Amino acid sequence: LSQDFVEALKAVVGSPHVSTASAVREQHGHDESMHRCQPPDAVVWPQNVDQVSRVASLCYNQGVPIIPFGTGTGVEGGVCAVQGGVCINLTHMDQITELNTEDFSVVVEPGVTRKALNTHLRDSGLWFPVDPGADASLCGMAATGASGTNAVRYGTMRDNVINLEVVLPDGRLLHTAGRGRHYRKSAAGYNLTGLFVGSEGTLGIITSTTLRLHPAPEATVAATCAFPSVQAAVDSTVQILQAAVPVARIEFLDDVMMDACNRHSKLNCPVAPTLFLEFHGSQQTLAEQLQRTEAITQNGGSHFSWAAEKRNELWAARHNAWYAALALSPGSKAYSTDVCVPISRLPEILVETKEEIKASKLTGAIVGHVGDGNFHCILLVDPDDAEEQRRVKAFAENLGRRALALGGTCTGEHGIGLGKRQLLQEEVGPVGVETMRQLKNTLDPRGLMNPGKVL
Ligand SMILES: Cc1cc2nc3c(=O)[nH]c(=O)nc-3n(C[C@H](O)[C@H](O)[C@H](O)COP(=O)(O)OP(=O)(O)OC[C@H]3O[C@@H](n4cnc5c(N)ncnc54)[C@H](O)[C@@H]3O)c2cc1C
Ligand SMILES: CCCC(=O)C(=O)O
Ligand SMILES: [Mn+2]
């Protein structure tokens, strides 16, 4: 990367906001995944959207790849600079604007995390529900199409993103639904917002997101329920969803995951396949949700172990399951699967996955958003054992292909990044791949917007 180019970047954002130091580049060359760190050639922190546009235009016209970088919590290698280039760290734009409580909407810049937003919203009666375990950038969550434990009731990012401000690869500024607009529904033109949700930084740079807010629940009850088998836990889940109980949270942990979270968070749940449950409503709405849910679990479920601080540590432990699993083998890294299947096929694929981890020499923990038909197999990898890392990728492929055989998808929320590109090709077939690539080509003709990812 030439000295004239660096000085051009510094002219846009300021000398302190451009770095070519190896240490700073290495810190931005990886996320939380096991994907080998590939450092960008520079890191740049734009201070406003005009600077984002001007950095993108500079890179694009000089043939330099651009890698958007939020909080670096992705798990599929999205920020790895496989072709070098300029990593654009967006987190200095960190303002919340246009809070419209009467309309249930708010606009956030990329440095705003979910915690920051919900802190800003205390005593408003509103909250933002989509809750990845990591303290992630909300614009990064829009870019990956994130979900979380609350999505079974309150929806994913795709359900809760109303508008996006996007700097296209050549620097043009697009407001996907129109500048300043926010509304409940529209048939106006083609829906551009949905195209950029889940685009993983390959179609442009999200510089603000307009989010749907929700009313805080009148009352909340959380509980855990221990089961004699994985089959019993997932059968309960399927029957709870088919009975149309509007559960707020329904999270599965197998016995390996439960033990790991016990040891990492000083919980003391019985070591067993377990459901973490949460219910929202009034006292009366809660009583019959609990009535009907506990009748279904009583598939051999234990009496509910009920859980302010007490449910807070329960869901903090769930949110840290990734780190709980890594703590089972210090020094190792991890890869997560993320399949999502039609709910009636969930029992057979979790039970099969449990059996396959057991028959394997790999250490694997199972956790996830089974209310969506989605779950994660967290597989540990020694960063120096190439042969374990191949057993893990092979396990991951086979699980992905089994989900596709059942009519499902290879990723419910994490995205494709570097690790699921071949699965995506199988998932949508030749016409789907070409159509996706034609969209990529019209927005990013030179292929400089996060190259090597998704397609
Ligand atoms: C402990 C833990 C728990 C997690 N739990 C969940 C979970 O429940 N659900 C879930 O969905 N994910 C989960 N994740 C994954 C991760 O938090 C999400 O994928 C999150 O949305 C990533 O946001 P980020 O800004 O940290 O991404 P980054 O790693 O910074 O980037 C991710 C990808 O998005 C692109 N990108 C980032 N910001 C932008 C932007 N502003 N514009 C355009 N492209 C951009 C990057 O180029 C990259 O390809 C978890 C991760 C961890 C470590
Ligand atoms: C990062 C994999 C774990 C995850 O997504 C979760 O905690 O739900
Ligand atoms: Mn998850």
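Residues numbered from 1 in each chain as written, not as in the entry; some residues may be left out. Chains lettered and ligands numbered in written order. Heavy atoms only, no water.

- Structure determination for this entry is recorded as X-ray crystallography, at 1.67 Å resolution.

**What to know about the overall build of the protein chain**
Logical step 1: In terms of helices and strands, the protein chain carries 16 helices and 18 strands.
Logical step 2: Taken over the C-alpha trace, the protein chain has a radius of gyration of 22 Å; the compact-globule value for 455 residues is 23 Å, and the two agree within 12%.
Logical step 3: As displayed, the protein chain offers around 19300 Å² of accessible surface, 48% of which is attributable to carbon and sulfur atoms.
Logical step 4: For the protein chain, the separation between the mean place of its 38 positive charges and that of its 48 negative charges on side chains is 2 Å. (Helix = DSSP H or I, 4+ residues; strand = E, 2+ residues; numbered from the N terminus. Rg over C-alpha atoms; globule rule 2.2 N^0.38 Å. Areas by Shrake-Rupley, 256 points an atom, 1.4 Å probe, with all protein chains shown as cover. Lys, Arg positive; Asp, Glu negative; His and termini not counted. Charge placed at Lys NZ, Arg CZ, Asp CG, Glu CD.)

**What to know about the site of ligand 2**
Logical step 1: Around ligand 2 sit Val 75, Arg 318, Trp 322, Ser 336, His 369, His 376, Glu 413 and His 414, and those are all the residues in its vicinity.
Logical step 2: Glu 413 is positioned with one of its side-chain polar atoms (N or O) 3.5 Å from an oxygen atom of ligand 2.
Logical step 3: By residue class, the composition of the shell around ligand 2 is two nonpolar, four polar and two charged. (Near = heavy atom within 4 Å. Polar contact = N/O pair within 3.5 Å; in protein donor to acceptor, adjacent residues only side chain to side chain. Nonpolar A, V, L, I, M, F, W, Y, C, P; charged D, E, K, R; others polar.)

**Some details on the environment of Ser 53**
Logical step 1: Within the secondary structure layout, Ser 53 lies in helix α3 (residues 49-62).
Logical step 2: For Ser 53, the contacting residues outside a window of four places in its chain are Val 167 and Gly 171. (Contact = heavy atoms within 4.5 Å.)

**A closer look at the coordination of the manganese ion (ligand 3)**
Logical step 1: Within the protein, the atoms that donate to the manganese ion (ligand 3) are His 369 (NE2), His 376 (NE2) and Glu 413 (OE), at distances of 2.1 to 2.5 Å.
Logical step 2: The site at the manganese ion (ligand 3) holds six donor atoms, and with the angles between them running 71 to 168°, its shape is octahedral.
Logical step 3: Here the donor residues for the manganese ion (ligand 3) map to a single chain with the spacing H-x6-H-x36-E.
Logical step 4: Residue class for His 369 comes out buried when judged on its relative accessible area of 5%. (Donors = N, O, S within 2.8 Å, 3.2 Å for Na, K, Ca; no water. Tetrahedral: all angles 85-135°; square planar, octahedral: opposite > 155°, others 65-115°. Buried < 20%, exposed > 50% of the residue type's maximum accessible area, 1.4 Å probe, protein only.)

**What about the site of ligand 1?**
Logical step 1: Among the 34 residues in the neighbourhood of ligand 1, the closest are listed as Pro 68, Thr 71, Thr 73, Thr 144 and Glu 200.
Logical step 2: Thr 144 has a polar side-chain atom sitting 2.8 Å from an oxygen atom of ligand 1.
Logical step 3: The greatest single-element share of the shell around ligand 1, amounting to five residues, is contributed by helix α5 (residues 138-144).
Logical step 4: For the shell around ligand 1, the class distribution of residues is 15 nonpolar, 16 polar and three charged.

**Regarding the side chain of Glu 388**
Logical step 1: Looking at the element boundaries, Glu 388 is found in helix α15 (residues 386-405).
Logical step 2: The side chain of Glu 388 sits in the buried core without any salt bridge; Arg 391 is the nearest counter-charge, 4.6 Å away. (Salt bridge = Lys/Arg side-chain N within 4 Å of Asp/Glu carboxyl O.)

**Regarding the packing of helix α14 (residues 346-358) against α15**
Logical step 1: At a minimum axis separation of 11 Å, α14 and α15 run at an interaxial angle of 160°. With respect to each other, α14 and α15 are oriented roughly antiparallel. The hand of the α14/α15 crossing is right-handed. Between α14 and α15, the contacting residues are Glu 348, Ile 349, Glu 352, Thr 353, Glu 356 and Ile 357 on the first element and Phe 395, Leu 399, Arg 402 and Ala 403 on the second.
Logical step 2: For the contact of α14 with α15, the class distribution of residues is five nonpolar, one polar and four charged. (Axes fitted to C-alpha atoms, helices over the stretch in contact; angles between N-to-C directions. Parallel < 35°, antiparallel > 145°, perpendicular 65-115°, else oblique. Left-handed = near helix turned anticlockwise from the far one by under 90°.)

**Side note on the sheet that holds strand β6 (residues 105-108)**
Logical step 1: With respect to topology, five strands assemble into an open sheet ordered β5-β6-β10-β8-β9, the strand pairing being antiparallel. The open sheet has two edge strands with one neighbour each: β5 (96-100) and β9 (173-175). Neighbour-to-neighbour, the strand axes of the sheet open up by a mean angle of 10°, direction not taken into account.
Logical step 2: One ladder, built from six bridges, connects strand β8 (residues 161-167) with strand β10 (residues 205-212); its direction is antiparallel. In the strand pairing of β10, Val 161 is matched with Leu 211.
Logical step 3: Helix-sheet contacts for α3 involve β8, β9 and β10, and the interaxial angle to β8 is about 55°. (Pairing = 2+ DSSP bridges.)

**Focus on the packing of aromatic side chains**
Logical step 1: Inspection of every chain in the model, using the stated rule, returns three aromatic pairs.
Logical step 2: Here the aromatic rings of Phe 276 and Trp 315 are separated by 6.0 Å at their centres, their planes lie at 85°, and the arrangement is edge-to-face. Of the two residues, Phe 276 and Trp 315, both sit in the buried class.
Logical step 3: One cation-aromatic arrangement involves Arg 446 over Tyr 60; the distance from NZ or CZ to the ring centre is 6.0 Å. (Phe/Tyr/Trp six-rings, centres within 6.5 Å; stacked < 30°, edge-to-face > 60°. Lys NZ or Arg CZ within 6 Å of the ring centre and 35° of its normal.)

**Examining the pairing of strand β12 (residues 219-226)**
In summary, the side chains of a regular strand alternate between the two faces of the sheet.
Logical step 1: The buried fraction of β12 amounts to six of the eight residues, a majority that puts the element mostly inside the structure.
Logical step 2: Bridge count between β12 and strand β14 (residues 274-281): eight bridges; the pairing is antiparallel. Considered in β14, the bridge of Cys 225 is made with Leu 275.
Logical step 3: Looking at chain direction, β12 and strand β15 (residues 305-306) are connected through two bridges and run antiparallel. Each residue of the ladder has a partner; that of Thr 224, found in β15, is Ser 305.

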